[PDB]
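Residue strings, one per chain:
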Amino acid sequence: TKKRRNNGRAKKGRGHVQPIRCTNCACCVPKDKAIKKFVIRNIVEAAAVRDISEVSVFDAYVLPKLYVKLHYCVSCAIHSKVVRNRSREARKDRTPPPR
Amino acid sequence: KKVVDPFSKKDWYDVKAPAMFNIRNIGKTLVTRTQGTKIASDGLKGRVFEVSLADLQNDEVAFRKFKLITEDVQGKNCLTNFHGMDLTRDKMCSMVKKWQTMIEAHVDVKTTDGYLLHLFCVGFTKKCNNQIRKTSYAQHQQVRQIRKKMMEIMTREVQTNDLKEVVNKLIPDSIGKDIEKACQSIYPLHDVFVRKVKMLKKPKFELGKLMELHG
Amino acid sequence: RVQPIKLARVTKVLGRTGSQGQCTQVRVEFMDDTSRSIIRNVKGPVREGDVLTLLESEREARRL
Amino acid sequence: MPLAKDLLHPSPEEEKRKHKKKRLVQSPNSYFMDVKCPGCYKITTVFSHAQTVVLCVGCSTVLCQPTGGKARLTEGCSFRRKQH
Amino acid sequence: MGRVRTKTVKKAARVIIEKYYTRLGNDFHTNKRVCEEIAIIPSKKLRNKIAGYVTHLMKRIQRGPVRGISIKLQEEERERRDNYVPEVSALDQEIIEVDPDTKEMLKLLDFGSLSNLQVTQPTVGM
Amino acid sequence: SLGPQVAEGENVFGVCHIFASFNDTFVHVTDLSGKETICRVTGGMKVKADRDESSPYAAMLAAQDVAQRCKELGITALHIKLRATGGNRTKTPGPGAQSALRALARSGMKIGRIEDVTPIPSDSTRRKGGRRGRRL
RNA sequence: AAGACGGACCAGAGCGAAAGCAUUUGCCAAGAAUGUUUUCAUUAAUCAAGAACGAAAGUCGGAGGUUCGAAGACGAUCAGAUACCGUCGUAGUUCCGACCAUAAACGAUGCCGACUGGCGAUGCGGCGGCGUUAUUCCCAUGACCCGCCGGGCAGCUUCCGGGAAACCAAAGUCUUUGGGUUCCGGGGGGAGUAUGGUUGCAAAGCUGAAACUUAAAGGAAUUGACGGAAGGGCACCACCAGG
């Protein structure tokens, strides 16, 4: 019997897909049967920025962001708590944690 | 183990931008001395300076970068010419966003001057003013014709006019704007920018123009 | 490398972190500067308004 | 439906919105019309879903343009079926 | 931390407050004695906890009725206070703009009124 | 050589060109073109430990040591080019990159802009490791 | 320069019989959906044999080998490692003409038709509005909003009905048992093994037994116990700071 209806994210109306790799575990996994995670983060983060904003002169520019589209495989994504175990009732929801 | 003490032998040069900008003294850089025992004319006139266009112009942007290439050195002043404009990385990635249609067009075009340029473009279909779809999509046919308009305008306006005037147009994106208008009949569009320019062939026979641009 | 010794006074005891719960987060008004106010972890029991003698703001002391 | 209705003479707005072969009495709603249109000097009969253009001697070319659905028409026109 | 009140105390307190409202004060010492009069409580510690909670309740109560408890006299007072009249019902509201289909509802009831027309910028409310 | 005309009385700009990897963080400021250095102190240089080359203290120490020698050559200001690993590899900057930026800012280098310059392909060629790989 | 690869955009979205399929543009023929008082006038449904295609690896001969890399050889980690982990790197990945014919080729659900229930999306076509925006003098465009109708991938909520349940508008209209047709199963192991035939250059693929063994093999849900699975608390028989 099926423990996941969509099997970790579906591939219906599509006959095959290419595999994506993990960005920290490098292992082959389907692209839409695996976790996909957008990462928008400041270039100077919450760390550097405090002295970088005070020391800056002749500048007026809002901070850059780094954009990277991470892909995680299932085993790594559970492990480091990108996703984590939930109730079987809760599984039927496609609604995820807000960002 | 093996070191030298080399910051006692270097000479200072004032990197000069064109007089087509309000800031012409970009700053200074020290290069190794050009002499017959230690050779540095290579490392001096091969230089490509990556400068932010905001610092070069006196401002309008705070993204965007111009690549400036030393086309000759005259008396510790180094006279640069257009080599490319990109949008850095940050700006470019922030335009690319989910639940939209990313339209890409690229063209190879010969200028009035000697220079071959490859000019990449980007455009986005907008979420319009009463739309209740989250996503913005259209038929493939539409997007294809939008690309032809994009390519045609971009080639036509770079084929005509000298390299400097092409530059001067592409900074306020008047080429961009014309694309937006000609496409507005179909899908209105939001954005439209030249995202990369790659100088493919750069010949010099234009020391005339080089001096004309500076001063 | 080196910086001058900064006296910084406890403004607010943030709470306790540590694996065993034996590290206390503290926010210390930098005292010299009212603009700066930075989070340093104190090992001991902390009573608000007492004064730390920071030898660094390098190597930031933070949750664990 | 509230699941107990019986309709023996169904209204012509819930039978006229449906697909052409799904109607409860099946005849299509397509018709012929007379087109006057001014650059043509004869009254050309045209089919509502013409497919291929109707043209006439009186016009240069101005009568229909093709469309996959209802045929396109130009300037003044009339329609009366008449009697389907 | 410790020695949070138990159910036995709270139940008794509700009881006492409702039926002896006028007798009860707000002072621990006098209420403690009143609890001897109006009840049989087999321990002083228990009686003290009861008395104690009953003062705390009386203090809250004399700002009007409070959560989980009500006294009959206060319920009557609120009832009487609420005679509130917010319309009189139609205002009158006659012959004003109404929706174009609400208009035909009035029209085919032998009235009609002025009515809104035209659609601009749908979706509506957006 | 010395300064340009004064070593601190004008703002001369160079490019930071910080390569942030994991198990090192190279700081390595160059002249605005890129074709000549100015200072060469790695994150392993101040503390070599083979795992503390990217831990904050080493990174701090290095960036301060660079900043010194920079303003001694009249480069008193810098446009920052942070960079990750890049390519069809991890392309995430290490944790010794932020500490380095803060350290040079504090030391007495002045900032003028901040841009991203990370190289990201279309996943040209192939990525390292087999299919089953490391299992976690 | 070489060889490889087309991110982000990219979605329970599209197309293709399936396998499969994302840079730009052009050419070549093909397919569906839709609209359709067009044409033929029963031409159809489904299936032994027979036939087309068929991921990956492998195999034939070249090109080619950038990248990565079954084998091998190295460094660690382990009581054991020959593995995971680091390094070197072979066939191979890529490309062409041949083989081969299988994959959990998974939606584990034959194909065709009819009938039985609510609500809202979205790719696409068509139709309608004293709807918005947009372009040419306005249009006819086009994108959008609302409604309507088809055919797509799905979803949601339901004593609709089924089922052992999990589930499932089909796995419904099955004792009130029967629309058409095809395929496969008859406790578990022996076994896709033996044996003969067949196809393949090879590797392999197809058909496919028995003796004997044994009253359980199995499914699902329920409740406990346990986890070096995830969120938690509480105690100096736990830790902390210390004696």
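Residues numbered from 1 in each chain as written, not as in the entry; some residues may be left out. Chains lettered and ligands numbered in written order. Part of a larger assembly, values for the part shown. Heavy atoms only, no water.

- Where the PDB entry is consulted, chain E appears under the name ribosomal protein eS17, with the organism given as Oryctolagus cuniculus.
- You can read under Subunit (literature references left out) in the UniProt record for chain E the words "Component of the small ribosomal subunit. Part of the small subunit (SSU) processome, composed of more than 70 proteins and the RNA chaperone small nucleolar RNA (snoRNA) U3." (UniProt positions renumbered as here; feature names shortened; annotations may be inferred.)

- Chain D carries the name 40S ribosomal protein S27 in the PDB entry, which gives Oryctolagus cuniculus as its organism.
- In the Subunit (literature references left out) part of its UniProt record, chain D is described as follows: "Component of the small ribosomal subunit. Part of the small subunit (SSU) processome, composed of more than 70 proteins and the RNA chaperone small nucleolar RNA (snoRNA) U3."
- According to the UniProt record, the Sequence similarities comment for chain D reads "Belongs to the eukaryotic ribosomal protein eS27 family."

Here's the deal with the arrangement of the chains
Argument step 1. Contacts between protein chains span 6 pairs of chains, and they are most numerous for chains A and F.
Argument step 2. There is a clear gap between chain C and chain D: no contact, and 63 Å between their nearest C-alpha atoms.
Argument step 3. You won't find any contact between chain D and chain F; their C-alpha atoms come no closer than 41 Å. (Contact = heavy atoms within 4.5 Å.)

Quick look at the UniProt feature "binding site: Zn(2+)" in chain D
Residue and element names in this part refer to chain D.
Argument step 1. Following the UniProt record, the feature "binding site: Zn(2+)" maps to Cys-37, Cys-40, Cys-56 and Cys-59 here. For the annotated residues, spread through 23 residues, the largest C-alpha to C-alpha distance comes to 10.9 Å, consistent with a single compact locus.
Argument step 2. With respect to the helices, strands and loops of the structure, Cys-37 is situated in the loop between β1 (32-35) and β2 (44-47).
Argument step 3. Ignoring anything within four residues of it in the chain, the contact list for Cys-37 reads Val-62, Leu-63, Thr-74, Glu-75 and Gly-76.
Argument step 4. As for its position among the elements, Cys-59 is in the segment after β2.
Argument step 5. A relative accessible area of 7% places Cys-59 in the buried class.
Argument step 6. The residues touching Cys-59, leaving out its near neighbours within four places in the chain, are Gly-39 and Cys-40. (Helix = DSSP H or I, 4+ residues; strand = E, 2+ residues; numbered from the N terminus. Buried < 20%, exposed > 50% of the residue type's maximum accessible area, 1.4 Å probe, protein only.)

A few points about helix α6 (residues 174-183) of chain B
All names here are of chain B.
Argument step 1. Those residues of α6 not exposed but buried are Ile-175, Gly-176, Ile-179 and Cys-183. Taken around the axis of α6, the buried residues stretch over an arc of 105°, which confines them to a single face. Away from its buried face by more than 90 degrees, α6 exposes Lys-177 and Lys-181.
Argument step 2. Each element contacted by the buried residues of α6 is listed here: α4 (140-159), α5 (163-170) and β8 (190-201). (Arc of directions from axis to C-beta.)

With respect to the pairing of strand β7 (residues 116-124) of chain B
Residues and elements named next belong to chain B.
Argument step 1. In terms of residue burial, β7 counts as a mostly covered element, since 8 of its 9 residues are buried.
Argument step 2. Sheet topology note: the strand β6 (residues 102-110)/β7 ladder contains 9 bridges and is antiparallel. The residue bridging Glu-104 from the neighbouring strand is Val-122, located in β7.
Argument step 3. Hairpin geometry of β6 and β7 is characterised by an intervening segment of 5 residues between the two adjacent antiparallel strands.
Argument step 4. Here β7 runs beside β8; their pairing, made up of 8 bridges, is antiparallel. If you follow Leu-117 over to β8, its bridge partner there is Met-199. (Pairing = 2+ DSSP bridges.)

So, unusual backbone geometry
Argument step 1. Following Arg-81 of chain D, the chain continues to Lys-82 of chain D via a peptide bond in cis, the omega torsion being -20°.
Argument step 2. The residue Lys-82 of chain D is located in the segment after β2 in this model.
Argument step 3. Across the junction of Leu-91 of chain E and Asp-92 of chain E, the peptide omega takes the value 5°, indicating a cis bond.
Argument step 4. With respect to the secondary-structure elements, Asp-92 of chain E resides in the loop between α4 (72-81) and α5 (102-107).
Argument step 5. Phi at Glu-75 of chain D takes a positive value of approximately 55°, unusual for a residue other than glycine.
Argument step 6. Mapped onto the elements of the fold, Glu-75 of chain D is located in the segment after β2.
Argument step 7. A relative accessible area of 58% means that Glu-75 of chain D is categorised as exposed.
Argument step 8. For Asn-23 of chain F, which is not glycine, the phi torsion reads 80° and is therefore positive.
Argument step 9. Within the fold, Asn-23 of chain F resides in the loop between β2 (18-20) and β3 (25-30).

Some details on the protein's contact with RNA strand G
Argument step 1. Close to RNA strand G lie 91 residues, the nearest being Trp-99, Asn-130 and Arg-147 of chain B, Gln-22 of chain C together with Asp-123 of chain F.
Argument step 2. Taken together, the sugar and phosphate atoms account for 73% of what RNA strand G places within 4 Å of the protein.
Argument step 3. For RNA strand G, a phosphate oxygen lies 3.4 Å from a polar atom in the side chain of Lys-69 of chain A.
Argument step 4. At the level of secondary structure, the elements contributing two or more residues to the surface near RNA strand G comprise β3 (35-42) and β4 (65-72) of chain A together with β6 and α4 of chain B.
Argument step 5. The element that contributes the greatest number of residues to the surface near RNA strand G is α4 of chain B, accounting for 5 residues.
Argument step 6. Looking at side-chain class alone, the surface near RNA strand G contains 23 nonpolar, 34 polar and 34 charged residues. (Near = heavy atom within 4 Å. Polar contact = N/O pair within 3.5 Å; in protein donor to acceptor, adjacent residues only side chain to side chain. Nonpolar A, V, L, I, M, F, W, Y, C, P; charged D, E, K, R; others polar.)

A closer look at the interface of chain B and chain A
Argument step 1. Each partner contributes residues to the interface: chain B has 6 residues there, and chain A has 5 residues.
Argument step 2. In terms of surface lost to chain A, no three residues of chain B exceed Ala-62, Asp-90 and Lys-97 of chain B, which account for 58% of the buried area on that side.
Argument step 3. Between the two partners, chain B and chain A, sit 0 salt bridges.
Argument step 4. At the junction of chain B with chain A, the criterion picks out 1 residue pair in polar contact.
Argument step 5. Here the residues of the side of chain B that touches chain A are counted per class, giving 3 nonpolar, 1 polar and 2 charged. (Buried area = accessible area lost by both parts, 1.4 Å probe. Salt bridge = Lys/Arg side-chain N within 4 Å of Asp/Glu carboxyl O.)

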